[PDB]
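*Asks:* Structure incoming, see below.
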Amino acid sequence: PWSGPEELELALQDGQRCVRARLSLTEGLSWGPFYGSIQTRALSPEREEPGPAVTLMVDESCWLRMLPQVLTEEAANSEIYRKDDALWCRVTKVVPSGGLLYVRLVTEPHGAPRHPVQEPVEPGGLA
């Protein structure tokens with residue numbers, strides 16, 4: 001079927017793969033870390049990179065890529081974010097059983113300024 005949790009269900013309706021809430025996904029519920037990655041957009045898609053530039057790199061059977069991707073909150077009933085190199089999924093909106101849910105990919109402008117190789121002048125104090 002897919003590689004997904006028991007809280008979720010991949011239903012084949014007319015041959016269509018429908019990602020429906022099996023259980024009622026309560027806001028606040030989360031799953032454990034998954035291995036993969038998500039290349040966040042550090043660019044503006046209205047300018048450059050509005051396509052496959054932003055993708056989640058997870059196992060092809062993994063349920064995370066089986067859900068329709070959204071940047072919005074209303075459609076997203078669950079979001080995937082990375083925390084300490086690993087992906088975590090949290091339920092942001094309470095999904096009724098049978099209801100479909102969309103996946104919100106983390107797109108935090110981290111800034112990506114590399115790691116400060118130039119040490120703070122006179123460390124210890126100030127902060």
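Numbering starts fresh at 1 for the residues of each chain in the structure tokens, the chains themselves are lettered A, B, ... in the order given, and ligands are numbered from 1 as they appear.
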Need to verify the contact set: residue A:2, 7 Å, only C-alpha atoms, exclusion of same-chain residues closer than 6 positions in sequence. Can you return it as a list in words?
*Replies:* residues 61, 62 and 63 of chain A
*Asks:* Considering only C-alpha atoms, can you say which of A:17, A:41, A:115, A:110 comes closest to residue A:55?
*Replies:*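 So, comparing all the options, the nearest one is A:41.
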*Asks:* With distances taken over only C-alpha atoms, which residue among A:21, A:64, A:42, A:89 lies nearest residue A:3?
*Replies:*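 Going through A:21, A:64, A:42, A:89 one by one, the smallest distance to residue A:3 is for A:64.
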*Asks:* For stretch 23-35 of chain A, work out the shell of residues within 6 Å, counting only C-alpha atoms and skipping chain neighbours fewer than 2 positions away, then give it as a PDB file with C-alpha atoms, in the first residue's frame.
*Replies:*
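Final output, saved to out.pdb:
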```
ATOM      1  CA  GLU A   7      -3.286   6.604  12.159  1.00  0.00           C
ATOM      2  CA  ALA A  21      -7.310  10.109   8.027  1.00  0.00           C
ATOM      3  CA  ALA A  86      15.803  14.433  11.035  1.00  0.00           C
ATOM      4  CA  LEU A  87      12.231  15.002   9.937  1.00  0.00           C
ATOM      5  CA  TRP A  88       9.401  15.197  12.376  1.00  0.00           C
ATOM      6  CA  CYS A  89       5.709  15.280  11.612  1.00  0.00           C
ATOM      7  CA  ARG A  90       3.166  17.064  13.743  1.00  0.00           C
ATOM      8  CA  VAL A  91      -0.559  17.338  13.345  1.00  0.00           C
ATOM      9  CA  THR A  92      -1.513  20.951  13.163  1.00  0.00           C
ATOM     10  CA  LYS A  93      -5.248  20.625  12.546  1.00  0.00           C
ATOM     11  CA  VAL A  94      -7.695  18.065  13.831  1.00  0.00           C
ATOM     12  CA  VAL A  95      -8.655  15.857  10.921  1.00  0.00           C
ATOM     13  CA  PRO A  96     -11.892  13.859  11.069  1.00  0.00           C
ATOM     14  CA  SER A  97     -11.692  10.224  10.015  1.00  0.00           C
TER      15      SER A  97
END
```
*Asks:* If I take atom CA of residue A:84 and atom CA of residue A:40, how far is one from the other in Å, to one decimal?
*Replies:* 14.7 Å
*Asks:* What lies within 12 Å of stretch 50-53 of chain A using only C-alpha atoms, ignoring chain neighbours under 3 positions off, as JSON, numbers by chain?
*Replies:* {"A": [38, 39, 40, 41, 42, 43, 44, 45, 46, 47, 56, 57]}
*Asks:* Just write the chosen residues, N, CA and C atoms, as an mmCIF file, in the first residue's frame.
*Replies:*
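So selection19.cif came out as:
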```cif
data_model
loop_
_atom_site.group_PDB
_atom_site.id
_atom_site.type_symbol
_atom_site.label_atom_id
_atom_site.label_comp_id
_atom_site.auth_asym_id
_atom_site.auth_seq_id
_atom_site.Cartn_x
_atom_site.Cartn_y
_atom_site.Cartn_z
ATOM 1 N N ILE A 38 14.621 17.704 3.587
ATOM 2 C CA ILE A 38 13.766 18.619 2.864
ATOM 3 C C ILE A 38 14.604 19.811 2.502
ATOM 4 N N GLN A 39 14.769 20.060 1.236
ATOM 5 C CA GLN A 39 15.527 21.207 0.836
ATOM 6 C C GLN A 39 14.642 22.438 0.765
ATOM 7 N N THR A 40 14.723 23.219 1.822
ATOM 8 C CA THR A 40 13.949 24.420 1.990
ATOM 9 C C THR A 40 14.288 25.451 0.909
ATOM 10 N N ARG A 41 13.365 26.324 0.610
ATOM 11 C CA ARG A 41 13.624 27.299 -0.401
ATOM 12 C C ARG A 41 14.222 28.550 0.200
ATOM 13 N N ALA A 42 15.448 28.819 -0.165
ATOM 14 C CA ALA A 42 16.148 30.009 0.295
ATOM 15 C C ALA A 42 16.089 31.065 -0.784
ATOM 16 N N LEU A 43 15.248 30.800 -1.734
ATOM 17 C CA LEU A 43 15.045 31.655 -2.864
ATOM 18 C C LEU A 43 13.594 31.999 -2.946
ATOM 19 N N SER A 44 13.297 32.924 -3.782
ATOM 20 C CA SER A 44 11.947 33.332 -4.024
ATOM 21 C C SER A 44 11.467 32.686 -5.325
ATOM 22 N N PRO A 45 10.479 31.756 -5.255
ATOM 23 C CA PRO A 45 9.972 31.001 -6.434
ATOM 24 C C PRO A 45 9.311 31.893 -7.489
ATOM 25 N N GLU A 46 8.992 33.114 -7.111
ATOM 26 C CA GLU A 46 8.413 34.056 -8.046
ATOM 27 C C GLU A 46 9.528 34.612 -8.956
ATOM 28 N N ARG A 47 10.744 34.340 -8.563
ATOM 29 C CA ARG A 47 11.910 34.724 -9.299
ATOM 30 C C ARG A 47 12.589 33.491 -9.877
ATOM 31 N N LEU A 56 10.908 17.163 -0.894
ATOM 32 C CA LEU A 56 11.252 16.387 0.239
ATOM 33 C C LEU A 56 11.896 15.095 -0.219
ATOM 34 N N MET A 57 13.000 14.795 0.357
ATOM 35 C CA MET A 57 13.771 13.651 -0.014
ATOM 36 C C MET A 57 13.531 12.563 0.986
#
```
*Asks:* Could you state the separation of atom CA of residue A:69 and atom CA of residue A:112 in Å, given to one decimal place?
*Replies:*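 The value is 23.6 Å.
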*Asks:* Could you please determine the separation between atom CA of residue A:12 and atom CA of residue A:98 in Å, to one decimal place?
*Replies:*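 It comes out at 12.5 Å.
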*Asks:* Select, from A:127, A:68, A:85, A:107, the residue with the minimum atom-to-atom distance to residue A:54, counting only C-alpha atoms.
*Replies:*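 Checking each candidate against residue A:54, we get A:107 as the closest.
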*Asks:* Output as an NGL selection string all residues of stretch 28-60 of chain A that backbone DSSP marks as strand (DSSP E or B).
*Replies:* :A and (29-30 or 34 or 37-38 or 56-57)
*Asks:* Given only C-alpha atoms as the basis, pick out the residue of A:120, A:60, A:99, A:49 nearest to residue A:11.
*Replies:*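 Distance minimum relative to residue A:11 lands on A:99.
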